[PDB]
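This is final-v3.cif (mmCIF, C-alpha atoms).
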data_target
loop_
_atom_site.label_atom_id
_atom_site.label_comp_id
_atom_site.auth_asym_id
_atom_site.auth_seq_id
_atom_site.Cartn_x
_atom_site.Cartn_y
_atom_site.Cartn_z
CA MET O 1 184.92 84.76 -73.95
CA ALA O 2 187.46 82.07 -74.73
CA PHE O 3 187.75 79.48 -77.49
CA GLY O 4 189.77 77.08 -75.39
CA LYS O 5 192.36 79.69 -74.47
CA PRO O 6 192.52 83.51 -74.87
CA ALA O 7 194.84 83.90 -77.86
CA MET O 8 198.40 82.55 -77.85
CA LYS O 9 199.17 84.29 -74.54
CA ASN O 10 200.04 87.44 -76.53
CA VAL O 11 203.15 86.98 -78.65
CA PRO O 12 205.58 89.92 -78.04
CA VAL O 13 206.25 90.00 -81.78
CA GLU O 14 203.37 90.63 -84.14
CA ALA O 15 203.74 89.20 -87.64
CA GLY O 16 203.17 91.91 -90.21
CA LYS O 17 204.86 94.67 -88.25
CA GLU O 18 208.43 95.97 -88.26
CA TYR O 19 210.41 96.75 -85.12
CA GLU O 20 213.83 98.27 -84.48
CA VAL O 21 215.98 95.59 -82.93
CA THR O 22 219.60 94.90 -82.14
CA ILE O 23 221.60 91.96 -83.47
CA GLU O 24 223.60 91.33 -80.36
CA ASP O 25 223.83 87.65 -81.29
CA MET O 26 224.74 85.69 -84.42
CA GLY O 27 223.79 82.13 -85.27
CA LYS O 28 225.78 79.15 -86.54
CA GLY O 29 224.64 79.89 -90.07
CA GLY O 30 225.39 83.56 -90.61
CA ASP O 31 221.94 84.36 -89.26
CA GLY O 32 221.35 87.34 -87.00
CA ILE O 33 219.58 86.93 -83.69
CA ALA O 34 217.43 89.86 -82.69
CA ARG O 35 215.85 89.77 -79.27
CA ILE O 36 212.64 91.55 -78.36
CA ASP O 37 212.18 91.48 -74.58
CA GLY O 38 214.10 88.22 -74.72
CA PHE O 39 212.05 86.76 -77.56
CA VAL O 40 214.49 85.33 -80.09
CA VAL O 41 213.81 86.79 -83.52
CA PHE O 42 215.92 85.29 -86.31
CA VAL O 43 216.98 87.71 -89.03
CA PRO O 44 218.59 86.11 -92.13
CA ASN O 45 219.97 89.41 -93.40
CA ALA O 46 220.89 91.50 -90.37
CA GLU O 47 224.40 92.49 -89.31
CA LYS O 48 225.75 92.01 -85.78
CA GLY O 49 225.79 95.04 -83.50
CA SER O 50 223.49 96.99 -85.79
CA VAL O 51 220.13 98.50 -84.90
CA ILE O 52 217.94 97.18 -87.68
CA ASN O 53 214.27 97.51 -88.53
CA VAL O 54 212.93 93.99 -88.95
CA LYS O 55 209.54 92.89 -90.22
CA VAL O 56 208.42 89.84 -88.28
CA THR O 57 207.09 87.61 -91.05
CA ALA O 58 207.02 84.13 -89.54
CA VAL O 59 206.32 83.54 -85.87
CA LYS O 60 207.02 79.93 -84.93
CA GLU O 61 206.51 77.84 -81.79
CA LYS O 62 209.44 79.07 -79.68
CA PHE O 63 210.83 81.86 -81.85
CA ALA O 64 210.07 84.16 -84.78
CA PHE O 65 211.63 85.01 -88.12
CA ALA O 66 212.00 88.57 -89.38
CA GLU O 67 213.52 90.41 -92.33
CA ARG O 68 215.78 93.43 -92.77
CA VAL O 69 213.59 96.30 -93.96
CA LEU O 70 216.84 98.22 -94.44
#
Let's see the structure in the file written out as structure tokens.
Amino acid sequence: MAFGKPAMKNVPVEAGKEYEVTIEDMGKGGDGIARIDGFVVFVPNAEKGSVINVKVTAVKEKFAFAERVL
């Protein structure tokens, strides 16, 4: 059972769910970079070094965008 390919190879981050992540990295625009298993999850409203609960709202081609549910 495959419509071309089986899903998108399972994205580690599921849009519509919220995960506790760390903001070990910051971007060149005051954006916080969470990383789930290495998957870069951009968080526009997270603080660096904090463990924040982020709702992945927009998974893109090579990365996803989340939001601070805090």
Self-check item: Non-local contacts of residue O:21 (6 Å; all atoms listed in the file; under 2 positions in same chain excluded) as a list in words
Solution: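 These residues fall inside the cut-off: residues 34, 51 and 52 of chain O.
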Could you write out that same residue set with C-alpha atoms as a JSON list (two decimals), keeping the file's coordinate frame?
[["chain", "number", "residue", "atom", "x", "y", "z"],
["O", 34, "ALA", "CA", 217.43, 89.86, -82.69],
["O", 51, "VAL", "CA", 220.13, 98.50, -84.90],
["O", 52, "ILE", "CA", 217.94, 97.18, -87.68]]
Quiz prompt | Exercise: residue O:53 partners within 10 Å, only C-alpha atoms, chain neighbours under 6 positions left out, as a list in words | solution =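 Here the qualifying residues turn out to be residues 17, 18, 19, 20, 21, 22, 46, 66, 67, 68, 69 and 70 of chain O.
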Practice problem: Go through the shown structure with the PyMOL selection byres ((chain O and resi 32) around 7) and write out the matching residues as a list in words. | Solution: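 Going through the file, the PyMOL selection byres ((chain O and resi 32) around 7) ends up selecting residues 23, 25, 26, 27, 30, 31, 33, 34, 42, 43, 44, 45, 46, 47 and 48 of chain O.
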Quiz prompt | Nearest-residue call for residue O:59, choices O:15, O:8, O:2, O:36, using only C-alpha atoms | solution =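 Of all the options, O:15 lies closest to residue O:59.
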Quiz item: Taking (210.1, 86.5, -86.1) in the file's coordinates, which residues come within 7 Å, counting only C-alpha atoms, written as a list in words?
Solution: residues 13, 41, 42, 56, 57, 58, 59, 63, 64, 65 and 66 of chain O
Quiz item: Between O:29, O:49, O:40, O:24, which has the minimum distance to residue O:12 (counting only C-alpha atoms)?
Solution: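 Looking at the shortest contact to residue O:12, the residue is O:40.
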Quiz prompt | Gap from atom CA of residue O:1 to atom CA of residue O:16 - Å, one decimal | solution =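 So the answer is 25.5 Å.
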Practice problem: For atom CA of residue O:62 and atom CA of residue O:39, quote the distance in Å rounded to one decimal. | Solution: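 According to the coordinates, atom CA of residue O:62 and atom CA of residue O:39 are separated by 8.4 Å.
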Got a minute to add N, CA and C atoms to stretch 34-55 of chain O and dump it as a compact mmCIF listing (two decimals), keeping the file's coordinate frame?
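Everything below was put into out-v9.txt:
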# COMPACT_ATOMS: atom_id res chain seq x y z
N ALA O 34 218.03 88.74 -83.39
CA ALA O 34 217.43 89.86 -82.69
C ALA O 34 216.69 89.34 -81.48
N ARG O 35 216.49 90.19 -80.50
CA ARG O 35 215.85 89.77 -79.27
C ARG O 35 214.93 90.86 -78.74
N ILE O 36 213.64 90.62 -78.86
CA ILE O 36 212.64 91.55 -78.36
C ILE O 36 212.13 91.09 -77.00
N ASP O 37 212.52 91.82 -75.97
CA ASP O 37 212.18 91.48 -74.58
C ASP O 37 212.68 90.09 -74.19
N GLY O 38 213.59 89.55 -74.98
CA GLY O 38 214.10 88.22 -74.72
C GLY O 38 213.63 87.23 -75.77
N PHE O 39 212.60 87.61 -76.51
CA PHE O 39 212.05 86.76 -77.56
C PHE O 39 213.03 86.71 -78.73
N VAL O 40 213.53 85.52 -79.02
CA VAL O 40 214.49 85.33 -80.09
C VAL O 40 213.85 85.50 -81.46
N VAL O 41 214.32 86.49 -82.19
CA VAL O 41 213.81 86.79 -83.52
C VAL O 41 214.93 86.65 -84.54
N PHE O 42 214.86 85.60 -85.35
CA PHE O 42 215.92 85.29 -86.31
C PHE O 42 215.82 86.19 -87.54
N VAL O 43 216.93 86.80 -87.90
CA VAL O 43 216.98 87.71 -89.03
C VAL O 43 218.07 87.29 -90.01
N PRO O 44 217.66 86.71 -91.16
CA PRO O 44 218.59 86.11 -92.13
C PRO O 44 219.53 87.10 -92.82
N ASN O 45 219.31 88.38 -92.59
CA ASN O 45 219.97 89.41 -93.40
C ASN O 45 220.36 90.63 -92.57
N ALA O 46 220.45 90.44 -91.26
CA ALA O 46 220.89 91.50 -90.37
C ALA O 46 222.37 91.36 -90.04
N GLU O 47 223.00 92.47 -89.68
CA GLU O 47 224.40 92.49 -89.31
C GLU O 47 224.54 92.65 -87.80
N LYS O 48 225.56 92.01 -87.23
CA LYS O 48 225.75 92.01 -85.78
C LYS O 48 226.09 93.40 -85.26
N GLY O 49 225.49 93.77 -84.14
CA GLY O 49 225.79 95.04 -83.50
C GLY O 49 225.04 96.21 -84.11
N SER O 50 224.25 95.94 -85.14
CA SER O 50 223.49 96.99 -85.79
C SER O 50 222.08 97.09 -85.21
N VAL O 51 221.51 98.29 -85.28
CA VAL O 51 220.13 98.50 -84.90
C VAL O 51 219.28 98.50 -86.16
N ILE O 52 218.62 97.40 -86.41
CA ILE O 52 217.94 97.18 -87.68
C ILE O 52 216.43 97.08 -87.51
N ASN O 53 215.72 97.59 -88.50
CA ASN O 53 214.27 97.51 -88.53
C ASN O 53 213.87 96.20 -89.21
N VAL O 54 213.27 95.31 -88.44
CA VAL O 54 212.93 93.99 -88.95
C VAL O 54 211.42 93.78 -88.99
N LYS O 55 210.95 93.24 -90.09
CA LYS O 55 209.54 92.89 -90.22
C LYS O 55 209.35 91.44 -89.83
